[PDB]
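**Q** got an experimental structure here, sequence first:
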Amino acid sequence: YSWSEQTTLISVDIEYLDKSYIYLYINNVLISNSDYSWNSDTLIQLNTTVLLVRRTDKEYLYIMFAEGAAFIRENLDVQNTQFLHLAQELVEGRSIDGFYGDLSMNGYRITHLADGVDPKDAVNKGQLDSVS
Amino acid sequence: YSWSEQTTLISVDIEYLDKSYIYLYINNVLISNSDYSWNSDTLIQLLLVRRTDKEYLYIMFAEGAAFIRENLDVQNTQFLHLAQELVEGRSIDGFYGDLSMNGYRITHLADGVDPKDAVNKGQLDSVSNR
Amino acid sequence: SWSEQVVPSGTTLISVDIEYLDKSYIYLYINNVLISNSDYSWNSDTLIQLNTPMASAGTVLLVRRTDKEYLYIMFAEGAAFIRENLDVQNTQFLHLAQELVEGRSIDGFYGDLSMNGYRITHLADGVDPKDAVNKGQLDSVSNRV
Amino acid sequence: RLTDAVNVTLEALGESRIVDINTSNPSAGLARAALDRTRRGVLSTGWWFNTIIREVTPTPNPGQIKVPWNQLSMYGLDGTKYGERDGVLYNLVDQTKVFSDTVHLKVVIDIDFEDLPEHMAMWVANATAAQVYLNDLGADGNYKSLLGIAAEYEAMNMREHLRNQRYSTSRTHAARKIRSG
Amino acid sequence: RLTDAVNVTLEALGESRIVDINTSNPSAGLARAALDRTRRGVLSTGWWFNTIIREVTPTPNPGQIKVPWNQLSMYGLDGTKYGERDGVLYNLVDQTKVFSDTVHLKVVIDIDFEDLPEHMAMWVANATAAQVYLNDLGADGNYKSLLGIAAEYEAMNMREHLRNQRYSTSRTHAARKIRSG
Amino acid sequence: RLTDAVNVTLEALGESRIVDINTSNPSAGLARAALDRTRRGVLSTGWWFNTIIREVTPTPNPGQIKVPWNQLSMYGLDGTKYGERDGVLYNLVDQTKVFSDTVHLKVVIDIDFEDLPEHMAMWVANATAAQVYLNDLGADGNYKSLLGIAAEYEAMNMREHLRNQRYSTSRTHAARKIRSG
Amino acid sequence: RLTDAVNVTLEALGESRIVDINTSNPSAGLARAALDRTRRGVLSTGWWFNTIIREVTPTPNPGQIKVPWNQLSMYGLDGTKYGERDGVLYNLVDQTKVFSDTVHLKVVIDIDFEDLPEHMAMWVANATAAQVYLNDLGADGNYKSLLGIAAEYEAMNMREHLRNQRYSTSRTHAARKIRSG
Amino acid sequence: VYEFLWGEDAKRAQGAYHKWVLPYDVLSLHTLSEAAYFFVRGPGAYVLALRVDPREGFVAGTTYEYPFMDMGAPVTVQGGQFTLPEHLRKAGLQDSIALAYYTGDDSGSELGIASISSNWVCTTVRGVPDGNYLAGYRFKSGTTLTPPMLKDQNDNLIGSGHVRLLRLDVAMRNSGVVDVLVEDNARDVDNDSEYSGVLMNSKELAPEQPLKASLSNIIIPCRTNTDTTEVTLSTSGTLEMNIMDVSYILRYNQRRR
Amino acid sequence: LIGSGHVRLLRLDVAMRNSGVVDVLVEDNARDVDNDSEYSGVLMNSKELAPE
Amino acid sequence: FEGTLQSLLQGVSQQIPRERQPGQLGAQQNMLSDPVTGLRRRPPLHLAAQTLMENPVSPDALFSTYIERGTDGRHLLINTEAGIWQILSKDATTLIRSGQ
Amino acid sequence: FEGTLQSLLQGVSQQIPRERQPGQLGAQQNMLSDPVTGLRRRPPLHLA
């Protein structure tokens, strides 16, 4: 609901609050926003796999209210949409990039683990059985 | 907060904002909505896990929702409940990236059965004992 | 949302830079050990003084955890719907999203996690039988066999 | 005090001043916005009320160093260019966010409009009033008079800043004084 | 005296004088507010009847100091800068509110408009009248005349301040005079 | 911060401030575009938070070099002039795109409007507002006042740049100082 | 970038800027024509991005020497006047098109408006806007302000050109340096 | 619709020829001592009698609290469900059905409708509480302003294609939110947006009070040619739209007398 | 006429003959101004002000 | 150059904007030009009780006319397609349903 | 000196250009002077 994975024109079906909130990935490589332009709100044209990841900033409020400023009903909706989207990428698992504590998952197994190479990485039993 | 774990029918104490948001689990088995009924706001007639809606805002003011204090408080309560939900781990269902534990230990991991599953230390020690 | 630093032994004044909504929302950790609120006092808004100076140099951690019990501003019971009230109410949610993203607030998962073909890197060595293990301890098993 | 400065700006426009806080129909919000912008711009340069981070040793695992949220400008005490990116310290010349050694930096923070000295507050209020008058009622003799008043208050602020920081000759004369003893 | 100042301000505009201060006239309260603002702005700099040298010790075991008086500016006699946060003493550079030892400082208190010297009161009243006229009826010859009158009363106030504070050559001449004795 | 700059630009014209950036207001997008143009034009010259010294080697057997960063200007530390054609490095005088050895160069990167120092951001915002006012409502006293404010913020930015970059007499004095040691 | 400069010229005229490329009803074609003419005129003089034909030995059978198509000005390194006629090298003083020996000439080429440094591009855009404004809306204070902005950008361009070409004293001091060693 | 006002010396002071649009096709109409009756084609098998006072939305010093909403009908909403009135059950116009307060202090504020079922049972948006509201059709009221032409010293018009309009200032009293569209074919300008004059921290903006501003000067920016500009103001809502004065800023070159 | 919302009224001077004391109320909804007071033109030491 | 439109209360004009009389508008819909309150939105159409007269198939087949009978009145209503006349009270109440 | 003709909708006049009423034209052919759209070409003649 917050990320899309799919040769010059790329469509953007996921909603966003700003164009700069969308990061484009080609073969798990990030592309700077200076290398492509937005033809429309649902079309990205490159200068010359495709993954789109949204990441709303969490340092500033998107809509700042000021005393003596014009107000419309949609301002509250957009302000709420900011937190809604933030929770969306929180759920999709593409936002959290690590942990700083001990996970206490009670009697549940983790699936689809890539084989580690650095001996500090975790290991699946696809290698344990081979060793055994 | 998000979840509570407890023949009788049921008993809920979880603060919610819509009946459809409450999921009924017994012995880690999902129960369809048609298999039980909501006789009262605090009772269920025949583990309770809450999962708030995520696709749309609860109160869309632009669409024509009534502008009152109650609607504002309910809209804020939606985010409060969602943030409460996002801390017990009942919502996250996988990471699409290289998770880093940076010197920390994963506790209570269970033994896997699919060769693409994580491993605990019990079976590692079992292998270490020939 | 949080800050970690190594301070020399004998330091009592700790300076915070985290923008908190309440003084009770700031948690002080010394060497990964939680410090009771009775062991330190707030000299000012951005200064924490320890009752007893640290005996030895250690790491100071200043995790913030927003109290997600009730809405900070309840509109139906007297809030005037003005600029600062809305700003603080949205700031609560923004802060909560911040600590949730930093990843220091999640303790465990009650479900089957799925890394989807991605390594769980930088995993510490297990100490308990139920704990997970890394490739480092698989090396001993490979060598013995 | 903020309402007092908003009333100063309203008086500069010739409109009736308000008493209630930020619950007025007339466009006094421009006064608040201009006041905030002017205050940030004026406080951007280092004044006598600015903090210092004498030593912040980073933890090797994350590698990043937190900076005050209300910071405005940062100057490294040593020969390093510093700035803010995502709320943490940033190396401009190296384009990196990680640090392995201690950093001694001088940082300029922002101050609320009810928590700053009287002279600086009056200067900010008068500058905001002059800017609002220039935007709305044009550039006439009133704008020049408001600019002169703001300049006078800025001079008083400079006097206060020089009083608080005794900027005598104590840099190279220290060697001569030590030689004499 | 305050009623007389408000009447001077009203005379500058050309409106009707008031005989009962704290009335319901819209321009009466405006004059009082402008007078208060001008007085607070102008007394911020040290004068002979504003500056008092006092030393306050933290009453409890080393902690906060609640600042007394109606302070306007607060200079530090020692090498530290002082502020005023939440009504208590605050170290601007150290960002702390608790003090260990006694602090010596020179504080510029605020003086009510009924109990200040005649020249200073006249200067404040005429400056307020000039500012009100500039804001209301625009900048013209009347504004320049009012500014000239205010400047003359400012010169009189400066003369009074210099007379009551003997500022002679008695800083380094003491060393060259005590030796001859 | 960008919304605040756009609001400053709108205030200069006298229109209504916006609270939601990336809206459908015709003058909102104009302000953002003018701000971006002014920022790119002004950051082209080297500052302390733009210039980074980097050396890039042709990754394959001697061929083209794809230039990273959001470069604005590109000076060559060696005796060659560099350009940027089709997103890769280009030798302006040699008219070639393939390099044999590693190249050392000083590149002036571009900085987004949300992550630059306060003084520089204020200067850019006020210059954009002055330019927009000049283009829209013509050249008058308001334009000169806006130019003066922009010049003051330019002076503040120059002070910050000179403070963070220690520019002392340390070019030929090293030869006359190391010999005395 | 070309559309950005066309929008600069449109803003100078006070009209609404366009987004689509060269598919606009209003007379923005004059902006493009003036931009091209100004760019060619400015680049006519030698700048730091201009090529050199170190040696072109002609084949005796045709006798003619080809020159770059996008050339603007040509200077012979030796004492010969050169120019273009029918796309080949031409001898002005001899009025002949054939050559029997090698020629060392310095040639200035033309650069597309999306392929030139930022400062020069901004100077060209602002000069085009000023010229279009002078042609259409007359010569008022806006024209003078645009001319000043163009002059500032030209100064920045000169700074960049002097930075890229180190024009120190290394012509006659080489003899003294060789004598010293 | 024709509006007329005869002044002194038999001089027509006002002549108006605006147009009105009704949800249903009209069959006949006739006026009375105070009101004009409209007979429209009912959605069922009977004609409806629509009455209206031509000058009715004006109240002295109290403002019109009744919603601007055609063919109102009291409706009780419970559980987010209410049955549409019989005279409003016309197929194809379900998107034009509105809902608004008509009793309390929030009278005139519109309420959303999620969908309308086949059995003509309407579901309201989740934010709508339970109570008595008004159901009926919604009409779009709009106006296109004549572009501000420029006149010289001798009261003569200036030639087209050389006067640039900068901005349009519209003063409005007791109005809600309007939609402003600026069209200019000769310069390819098409900007559609909404402008509201309700201030943030004003007494006008309250949780229960309607979203209206006592006085508001919305500034419409349109850097186009004043010869061919078409600025239009419209709102398809239950709130009023009152325009008092329109202020414009032009930009013309005085190169020659 | 000039457009509304840009002309600021400063003061109102009312000339009155053989009048007593009147109550003047100034209302402005668009600027939240509500001042109620009384104005009298009887001078202090004039022949108009007498005990009888 | 600053200015203000003289008036807005005049009706719609299809002329070119050059030669338009003051106050005339390019296009106006569902609005009332009240001099006492400026340009205003048209008032809503309040609904009277639905008459028992059947819909006329032809778009132009209904004839209506008010007749004042003393202090009270009547609303004559005739369906030309079938000839079914109808008489209503001053506000939506049939008195005698005249036969066709 | 800059200016603009007052009107073009008046008909043809054979007078000298000096003493011509505003709007009158020197010669007009196959054109319609419609006030609502300015000077226009005459409509074609459809054939019955």
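**A** All right, it came through fine. Numbers count the residues shown, from 1 in each chain, chains lettered A, B, ... in the order given.
**Q** got the residue ranges for the strands in chain D?
**A** For chain D, the strands defined by DSSP state E cover D:52-53, D:71-76, D:82-85, D:88-91, D:105-109.
**Q** could you measure from the closest residue to residue D:96 other than its chain neighbours over to chain C?
**A** Nearest non-adjacent residue to residue D:96, counting by Cβ to Cβ, 6 or more residues apart in numbering or on different chains: residue D:90, 7.8 Å away. Any C-beta I mention is one placed from the backbone N, CA and C, and that applies to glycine too. Separation of residue D:90 from chain C (Cβ to the nearest Cβ, to the nearest Å): 15 Å.
**Q** before we move on, what about residue H:22?
**A** Counting by Cβ to the nearest Cβ, the separation of residue H:22 from chain C is 38 Å.
**Q** repeat for residue J:57
**A** 55 Å.
**Q** count of neighbours near that residue?
**A** Residues lying near residue J:57 (other Cβ atoms under 10 Å in any protein chain shown) number 9.
**Q** so what's it up against?
**A** Counting by Cβ atoms under 8 Å, 6 or more residues apart in numbering or on different chains, residue J:57 touches residue J:81.
**Q** again with residue D:116
**A** Neighbouring residues of residue D:116 by Cβ under 8 Å, 6+ apart: D:39, D:43, D:49, D:124.
**Q** which residues are in contact with the residue nearest to residue D:96?
**A** D:82-84, D:96-97.
**Q** residue H:47 now?
**A** Per Cβ under 8 Å, 6+ apart, neighbours of residue H:47: H:27, H:39-41, J:50-51, J:53-56, J:62.
**Q** surely residue D:56 is in contact with residue C:3?
**A** No - Residue D:56 sits out of contact with residue C:3 when judged by Cβ atoms under 8 Å, with a separation of 9.0 Å.
**Q** shared neighbours, those two?
**A** Common neighbours of residue D:56 and residue C:3, counting by Cβ under 8 Å, 6+ apart, are residue D:66.
**Q** the more surrounded of these two?
**A** In this view residue D:56 and residue C:3 are compared by other Cβ under 10 Å, and residue C:3 has more residues nearby, 22 against 19.
**Q** and the residue nearest to residue D:96, bridged to which residues?
**A** residue D:83 (DSSP bridges).
**Q** how deep is residue J:61 tucked in, by neighbour count?
**A** Residue J:61: 15 neighbours (other Cβ under 10 Å).
**Q** coming back round to it: among the contacts of residue D:116, who's most crowded?
**A** residue D:124 (27 neighbours).
**Q** show me what contacts it?
**A** With Cβ under 8 Å, 6+ apart, residue D:124 has these contacts: D:5, D:35, D:38-39, D:42, D:113, D:116.
**Q** that older thread, most widely separated two among the contacts of residue D:90?
**A** Largest separation among the contacts of residue D:90 by Cβ to Cβ: D:84 and D:96, giving 13.9 Å.
**Q** between those two, which one's more packed in?
**A** Neighbours were counted for residue D:84 and for residue D:96 using other Cβ under 10 Å; residue D:84 has more, 20 against 12.
**Q** and the more buried one, how far is that from chain C?
**A** 12 Å.
**Q** hang on, the earlier thing: so which of the contacts of residue H:47 comes closest to chain A?
**A** residue H:40 (32.0 Å; Cβ to the nearest Cβ).
**Q** contact partners for that closest one?
**A** Contacts of residue H:40 by Cβ under 8 Å, 6+ apart are H:22-27, H:47-48, H:50.
**Q** same question for residue D:52.
**A** Contact analysis of residue D:52 by Cβ under 8 Å, 6+ apart lists D:105-107, E:93.
**Q** out of those, which one sits closest to residue G:72?
**A** residue D:105 (50.1 Å).
**Q** can you pull out the helices in chain A?
**A** Taking DSSP state H to define them, one finds helices in chain A at A:73-92, A:125-131.
**Q** including distance to residue G:180, could these go into TSV?
**A** TSV is the format used below for these (distance: least, Cβ to Cβ, whole Å):
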stretch	distance to residue G:180
helix A:73-92	68
helix A:125-131	71
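**Q** rewinding a little: who wins on neighbours among the contacts of residue H:40?
**A** Neighbour counts for the contacts of residue H:40, by other Cβ under 10 Å, peak at residue H:47, which reaches 27 neighbours.
**Q** coming back round to it: show me which of the contacts of residue D:52 is closest to residue H:150.
**A** Nearest to residue H:150, judged by Cβ to Cβ, of the contacts of residue D:52 is residue D:107 at 55.1 Å.
**Q** quick check, that closest one in contact with residue D:68.
**A** Yes - under the criterion of Cβ under 8 Å, residue D:107 makes contact with residue D:68 at 6.2 Å.
**Q** now list whatever residues contact both of the two.
**A** Common contacts of residue D:107 and residue D:68 (Cβ under 8 Å, 6+ apart): residue D:51.
**Q** if we can go back for a sec, residue H:100: which of the contacts of residue H:40 is nearest?
**A** Nearest to residue H:100 among these, with distances taken as Cβ to Cβ, is residue H:23, at 15.6 Å.
**Q** what about the helices in chain D?
**A** Assigned by DSSP H, the helices in chain D fall at D:2-12, D:29-44, D:118-136, D:141-164, D:173-180.
**Q** just to revisit the earlier point, among the contacts of residue D:116, which two are most distant?
**A** Largest pairwise distance in these, by Cβ to Cβ, is 13.9 Å, between D:49 and D:124.
**Q** for residue A:94, what are its contacts?
**A** With Cβ under 8 Å, 6+ apart, residue A:94 has these contacts: A:2-3, A:53, B:95-97.
**Q** nearest to residue H:2, out of the helices of chain D?
**A** Comparing the helices of chain D by Cβ to Cβ, helix D:118-136 comes nearest, at 42.2 Å.
**Q** put the alpha carbons of the closest one into PDB.
**A** Backbone C-alpha positions of helix D:118-136 (Å, rounded to 0.1, in the frame of the first residue of the first chain) are rendered in PDB as follows:
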ATOM      1  CA  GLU D 118      14.100  43.700  25.700                       C
ATOM      2  CA  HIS D 119      16.300  45.600  23.200                       C
ATOM      3  CA  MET D 120      16.500  42.700  20.800                       C
ATOM      4  CA  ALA D 121      12.700  42.000  21.100                       C
ATOM      5  CA  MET D 122      11.900  45.700  20.400                       C
ATOM      6  CA  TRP D 123      14.300  45.600  17.400                       C
ATOM      7  CA  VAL D 124      12.600  42.500  16.000                       C
ATOM      8  CA  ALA D 125       9.100  44.000  16.600                       C
ATOM      9  CA  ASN D 126      10.000  47.200  14.900                       C
ATOM     10  CA  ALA D 127      11.700  45.500  12.000                       C
ATOM     11  CA  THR D 128       8.600  43.300  11.500                       C
ATOM     12  CA  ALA D 129       6.400  46.400  11.600                       C
ATOM     13  CA  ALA D 130       8.500  48.100   9.000                       C
ATOM     14  CA  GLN D 131       8.500  45.100   6.700                       C
ATOM     15  CA  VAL D 132       4.700  44.700   7.000                       C
ATOM     16  CA  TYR D 133       4.200  48.400   6.400                       C
ATOM     17  CA  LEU D 134       6.400  48.200   3.300                       C
ATOM     18  CA  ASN D 135       4.400  45.200   2.000                       C
ATOM     19  CA  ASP D 136       1.000  46.800   2.700                       C
END
